[PDB]
(Lines of atoms letter the chains of each structure in order from A and count residues from 1; the text may use other names and numbers.)
(Lines give C-alpha, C1' and ligand atoms only; values in the text may rest on other atoms or scores of the structure.)
Protein backbone atom coordinates (compact mmCIF):
# COMPACT_ATOMS: atom_id res chain seq x y z
CA UNK A 1 0.00 0.00 0.00
CA UNK A 2 1.46 3.24 -1.25
CA UNK A 3 1.78 6.20 1.11
CA UNK A 4 0.33 9.50 -0.19
CA UNK A 5 2.06 12.87 0.12
CA UNK A 6 -0.04 13.61 3.21
CA UNK A 7 0.87 10.31 4.81
CA UNK A 8 4.57 10.70 3.95
CA UNK A 9 4.47 14.09 5.61
CA UNK A 10 2.77 12.57 8.69
CA UNK A 11 5.45 9.89 9.01
CA UNK A 12 8.23 12.42 8.56
CA UNK A 13 6.81 15.10 10.83
CA UNK A 14 6.51 12.47 13.55
CA UNK A 15 10.07 11.17 13.21
CA UNK A 16 9.15 7.60 12.26
CA UNK A 17 10.65 8.13 8.78
CA UNK A 18 14.08 9.82 8.82
CA UNK A 19 15.10 11.97 5.87
CA UNK A 20 18.19 14.10 6.29
CA UNK A 21 18.38 16.58 4.75
CA UNK A 22 14.65 17.08 4.26
CA UNK A 23 13.16 19.36 1.59
CA UNK A 24 9.37 19.59 1.45
CA UNK A 25 9.30 20.78 -2.15
CA UNK A 26 10.57 17.31 -3.07
CA UNK A 27 7.44 15.47 -1.91
CA UNK A 28 5.34 14.24 -4.85
CA UNK A 29 1.76 12.89 -5.05
CA UNK A 30 2.84 9.45 -3.89
CA UNK A 31 6.62 9.49 -3.52
CA UNK A 32 9.58 11.71 -2.71
CA UNK A 33 12.34 12.94 -5.00
CA UNK A 34 15.92 11.93 -4.18
CA UNK A 35 19.16 13.65 -5.18
CA UNK A 36 22.57 12.55 -6.46
CA UNK A 37 25.53 12.48 -4.04
CA UNK A 38 29.00 13.32 -5.34
CA UNK A 39 30.97 10.10 -4.62
CA UNK A 40 31.07 7.30 -7.17
CA UNK A 41 32.58 3.83 -7.48
CA UNK A 42 34.00 2.64 -10.81
CA UNK A 43 35.19 -0.89 -11.54
CA UNK A 44 38.93 -1.69 -11.99
CA UNK A 45 38.60 -4.37 -14.65
CA UNK A 46 42.27 -4.50 -15.73
CA UNK A 47 43.31 -6.48 -12.60
CA UNK A 48 40.52 -9.09 -12.52
CA UNK A 49 39.41 -11.75 -14.97
CA UNK A 50 35.99 -11.95 -13.37
CA UNK A 51 33.66 -11.18 -10.45
CA UNK A 52 32.91 -14.04 -8.05
CA UNK A 53 30.02 -13.23 -5.70
CA UNK A 54 31.22 -16.08 -3.40
CA UNK A 55 34.63 -14.42 -2.92
CA UNK A 56 35.74 -11.04 -1.59
CA UNK A 57 37.55 -8.76 -4.06
CA UNK A 58 38.67 -5.61 -2.25
CA UNK A 59 40.30 -3.97 -5.27
CA UNK A 60 37.16 -4.36 -7.43
CA UNK A 61 36.18 -0.65 -7.36
CA UNK A 62 37.63 2.79 -6.60
CA UNK A 63 36.16 5.91 -5.04
CA UNK A 64 35.93 9.00 -7.29
CA UNK A 65 34.81 12.62 -7.16
CA UNK A 66 34.47 15.06 -10.08
CA UNK A 67 36.57 18.19 -9.81
CA UNK A 68 34.49 21.14 -8.59
CA UNK A 69 32.41 22.54 -11.47
CA UNK A 70 32.86 19.37 -13.47
CA UNK A 71 30.24 16.67 -14.22
CA UNK A 72 30.54 12.90 -13.94
CA UNK A 73 30.21 11.71 -17.52
CA UNK A 74 28.40 8.38 -17.88
CA UNK A 75 29.06 6.68 -21.19
CA UNK A 76 26.84 3.98 -22.71
CA UNK A 77 27.82 0.55 -21.43
CA UNK A 78 29.57 1.85 -18.33
CA UNK A 79 28.38 0.68 -14.89
CA UNK A 80 28.92 2.86 -11.81
CA UNK A 81 27.75 2.96 -8.18
CA UNK A 82 26.51 6.16 -6.57
CA UNK A 83 24.44 7.28 -3.58
CA UNK A 84 21.46 9.41 -2.64
CA UNK A 85 22.45 12.70 -1.06
CA UNK A 86 19.84 12.13 1.63
CA UNK A 87 20.19 9.81 4.59
CA UNK A 88 17.12 7.58 5.07
CA UNK A 89 15.83 5.89 8.19
CA UNK A 90 12.89 3.50 7.86
CA UNK A 91 10.70 2.16 10.66
CA UNK A 92 9.60 -1.47 11.07
CA UNK A 93 6.37 -1.26 9.06
CA UNK A 94 7.43 0.55 5.89
CA UNK A 95 9.45 -0.60 2.87
CA UNK A 96 10.91 1.52 0.07
CA UNK A 97 11.06 1.28 -3.71
CA UNK A 98 13.15 3.48 -5.98
CA UNK A 99 11.52 4.53 -9.24
CA UNK A 100 13.02 6.51 -12.11
CA UNK A 101 11.99 10.10 -12.92
CA UNK A 102 9.96 10.34 -16.13
CA UNK A 103 12.29 13.19 -17.13
CA UNK A 104 15.49 11.27 -16.94
CA UNK A 105 13.79 8.06 -18.04
CA UNK A 106 13.26 9.45 -21.52
CA UNK A 107 16.96 10.27 -21.64
CA UNK A 108 18.16 6.65 -21.22
CA UNK A 109 19.24 6.92 -17.61
CA UNK A 110 18.95 3.92 -15.26
CA UNK A 111 19.42 4.51 -11.52
CA UNK A 112 18.73 1.16 -9.76
CA UNK A 113 19.04 -1.82 -12.16
CA UNK A 114 19.89 -4.51 -10.21
CA UNK A 115 18.40 -3.49 -6.82
CA UNK A 116 15.89 -0.82 -5.80
CA UNK A 117 14.16 -2.53 -2.86
CA UNK A 118 14.76 -1.13 0.64
CA UNK A 119 14.05 -3.29 3.71
CA UNK A 120 12.12 -1.97 6.70
CA UNK A 121 14.55 -0.93 9.41
CA UNK A 122 17.01 0.30 6.77
CA UNK A 123 19.22 3.26 7.66
CA UNK A 124 21.79 4.88 5.40
CA UNK A 125 22.40 6.52 2.06
CA UNK A 126 20.59 4.58 -0.65
CA UNK A 127 22.95 2.92 -3.16
CA UNK A 128 22.32 3.80 -6.80
CA UNK A 129 23.34 1.58 -9.70
CA UNK A 130 23.89 3.91 -12.64
CA UNK A 131 23.54 2.90 -16.30
CA UNK A 132 23.13 4.61 -19.61
CA UNK A 133 21.35 2.65 -22.35
CA UNK A 134 21.01 5.61 -24.68
CA UNK A 135 23.47 6.22 -27.51
CA UNK A 136 25.16 9.32 -26.17
CA UNK A 137 27.05 10.19 -23.01
CA UNK A 138 24.97 11.75 -20.22
CA UNK A 139 26.46 14.44 -17.93
CA UNK A 140 25.53 13.90 -14.27
CA UNK A 141 25.52 16.89 -11.90
CA UNK A 142 26.02 16.19 -8.20
CA UNK A 143 22.94 17.48 -6.35
CA UNK A 144 20.49 16.96 -9.19
CA UNK A 145 17.20 15.16 -8.75
CA UNK A 146 18.08 11.58 -9.73
CA UNK A 147 14.88 9.60 -9.00
CA UNK A 148 12.08 9.07 -6.52
CA UNK A 149 11.38 6.95 -3.44
CA UNK A 150 7.98 5.30 -2.73
CA UNK A 151 6.92 4.01 0.66
CA UNK A 152 4.92 0.78 0.87
CA UNK A 153 3.04 -0.13 4.05
CA UNK A 154 3.48 -3.66 5.38
CA UNK A 155 0.49 -5.75 6.47
CA UNK A 156 2.03 -5.63 9.96
CA UNK A 157 5.29 -4.64 11.67
CA UNK A 158 8.39 -6.82 11.03
CA UNK A 159 9.59 -9.38 13.65
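Residue numbers count along the first chain shown, from 1.
Stretches compared: 85-93, 67-75. Higher mean C-alpha B-factor in the entry: 85-93. Across the two stretches, 115-123 and 31-39, the PDB entry reports the greater mean Cα temperature factor for 115-123. Within the group 137, 18, 142, 147, the record's highest C-alpha temperature factor is found at 18. Compared with the other modelled residues of the chain, the Cα B-factor recorded for residue 103 ranks in the middle third. In the PDB entry, a CA B factor belonging to the lowest third of its chain's modelled residues is recorded for residue 129.
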